[PDB]
Every structure is written in structure tokens, then in C-alpha cells.
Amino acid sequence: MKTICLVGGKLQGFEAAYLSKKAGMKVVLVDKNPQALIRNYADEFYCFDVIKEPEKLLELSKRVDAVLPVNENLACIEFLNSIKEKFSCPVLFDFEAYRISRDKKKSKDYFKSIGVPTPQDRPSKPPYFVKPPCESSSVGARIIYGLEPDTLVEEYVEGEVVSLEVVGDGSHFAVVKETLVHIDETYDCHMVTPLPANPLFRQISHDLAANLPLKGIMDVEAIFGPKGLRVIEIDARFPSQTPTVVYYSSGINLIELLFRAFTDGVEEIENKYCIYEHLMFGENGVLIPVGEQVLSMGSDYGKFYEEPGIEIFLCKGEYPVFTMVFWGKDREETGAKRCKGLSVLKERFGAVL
């Protein structure tokens, strides 16, 4: 039995904990927040700030199999970079890839340097899409029909938002499974479903990882626009939401793959359907789709229900949010599970949908 130490107990932390448990690992969480969202979901919870008390983390490293940073606190990441040689287990992270992926302008220069199409900067005609250079979860992302001078302003590319993860070991780059990112009126993601192989997106994602070169995990997001595929961002960190869909739809556990990349290496290259989504139980049980930004304001997140083909997680807070995961052999079986899972909320809580 392996043990993984997660630094960060919010959405990334949840995804990593979830897949770690599927792999049969024990999950130790470190988080500076005594109310960390998944503090009760992990097997052990240590509350400390790793920048203030790095000796505690270094000591933990002596008794787990890997440390996985799952936060986007740049002070945390850079500090961990500074002490990484002192760890007694592998740190599953690519610090140089993260430096590029975290800054959207730098990422766009990287795309251009390798010939990868990306949305036009500073179009002369609306709509524009504007976003901060260094956020995630579509925080500050808006369509527009005095921004800070650093705001990204791009052509608005209409079409499907599609995601692919890549795990590299420095030499080989394992391109995993395409997923559709379903977006809400805030441009946040409320649902994810799997997509058929897309050889162009796969080669692009391969070359993005290969040119870094990636030793770790990164996801690549693109819009299938009217004039072709345009890469909008990369993120060299463990993602949320998509890895669960990747797990049911493809049978690949991104945590086990990432761990392999730092131990024996990875090699390049199921076909089930899965629906992953978030629903808030708003005033008198009207179910409303919500994105991650909503889920991340919760106080407590853990397993609510499971039966064959159905898992439900409850994120407590100002209005309960349910994360629902349905899977099955095709869309039809999965759609049936989604119905059964909704009726579990319908009969239990008087939910409406």
C-alpha cells in the first residue's frame, strides 16, 4: 500500500484524493486552513502552512511514497521548488512547466514558438474575451461586447471547449483522454463528458508536453472554433473534474500514471461513457447547475452516496452542492444512471429537476 501526501485540500486536492483512493492509497493531507475543504475526506489531516513549518513536511516526506502539490498558491509552489532537494520521496510536480503554464501570456508565447494556433491578441472588432493573466477556474473571465494593463484581451472563439491531459516522464509523453468541458454563464465548468479521439488535438498536446519537456502532468484546453482548433491555455498541475471522467471513460487513473512517471517511466498512448456534474440545491430544492467557483466556497466535502454506476459527493455550505458521477457502457446506460441518481436526490431531499 502506497501513501500519498497532498499539499492543498480544495478542488485539486479532492480530485487527487479521489483517484488516490481508487488506486488503493492512503491519503495524507497537509493544508494551512483548519477548515480545509476535504479535511474529512483524507485519511489523515495535518494542519500547518508548509512555508512556515517546512520541517514538518520534510518529516512527512520520510514516511509517504510521494508528495503532490495540489494548490496554485505561487508563494507555496516557489517555496517548495526552493526546498525540493531535501525531500525523502519524489515531489510529483514540474516547476519549470508550471512557471510557463501559470502565466497566460507566457503560455501564448510558448504556443507560438512551437507553431500552435491560439486566439488572436487584441482584436479590433468585438466580441472580445478578457481574462486575468494568472487565475484559474474562469475567475475574472468575461465576454465583452480601463482593465488593468495586464488583462489578456483576445478574440472570442466560439465552439466546444475541450480538454486533454498529458503525463510525461521527461522523455515519453502519454496523451490520455479528450473531454468536453461544459461551461455556464460565468464561463465556469459545471459538467464534463468524454469525447472521441481527436488526432490533431492529440498531436498538439503531445508537442506541447514534448517541447517543455514535461516531467509531471499538464492539461491542455482548446476551443474547436469555426476556423479550427485554438489552444487557449495549459496548466501544469493536477486538474479537477476531468480526471474523474478520464478514469471511468478510459480506465486510466491519472494519479497512478503520474506516480509511474516519477518511478519507472511512462509509455506513450476502456471505452465507457461518464457524466460528471455539479448541482446546487438552492431555495426549496430547486437544483441549479453550478461551477467549481461555487463548490470552492463550501465548508466540508465528502462522499454522500454510491451504488453501481453512481457516486454522489456533498459539499456542505451556504447551500449544499452535489457532485454527481455517473458511468456505464454507453451514453444510454449512463443517462439511465443519471436519472436514478437524480431520483435519489428527488426522493431523499425533495429535489426538483
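Heads up, when I say rigid core I mean the largest set of C-alphas that superpose within 1.5 Å between the two forms. For every residue, the number given is its place in the sequence shown, counted from 1.
S.K.: Name the stretch that deviates more in 5 other deposited structures of this protein: 191-199, or 148-156? Use RMS CA distance to the shown form, core superposed.
M.R.: Per-stretch check in 5 other deposited structures of this protein: the more divergent one is 148-156.
S.K.: Enter the number of deposited residues without atomic coordinates between residue 74 and residue 75, binned as none, 1 to 3, 4 to 9, or 10 or more.
M.R.: Nothing is missing between them.
S.K.: Select one of none, 1 to 3, 4 to 9, or 10 or more to describe the deposited residues without coordinates separating residue 145 and residue 146.
M.R.: Missing in between: 4 to 9 residues.
S.K.: Quick one: higher average CA temperature factor, 250-258 or 125-133?
M.R.: Averaging CA B-factors over each stretch, the winner is 125-133.
S.K.: Should the higher mean CA B-factor in the entry be assigned to 14-22 or to 331-339?
M.R.: So the stretch with the higher mean C-alpha B-factor is 331-339.
S.K.: Of 163, 138, 244, 205, which one's C-alpha B factor is largest in the deposited record?
M.R.: Most elevated C-alpha B-factor of the set, per the entry: 138.
S.K.: Comparing recorded Cα B-factors across 233, 94, 178, 150, which one is largest?
M.R.: So the option with the highest C-alpha B-factor is 150.
S.K.: Hey, what third does residue 44 fall into on Cα B-factor, ranked over its chain?
M.R.: For residue 44, the deposited C-alpha B-factor lands in the middle third.
S.K.: Would you please rank residue 281 by its C-alpha temperature factor against the other modelled residues of its chain and give the third it falls in: lowest, middle or highest?
M.R.: Ranked within chain, residue 281 CA B lands in the highest tercile.
S.K.: Which third, lowest, middle or highest, does the CA B-factor of residue 302 fall in along this chain?
M.R.: Residue 302: CA B-factor falls in the middle third of its chain.
S.K.: Please place residue 156 in the lowest, middle or highest third of its chain according to the CA B-factor in the PDB entry.
M.R.: Tercile = middle for this residue's CA B-factor.
S.K.: Looking at the C-alpha B-factor of residue 323, is it in the lowest, middle or highest third of its chain?
M.R.: CA B-factor rank for residue 323: lowest third.
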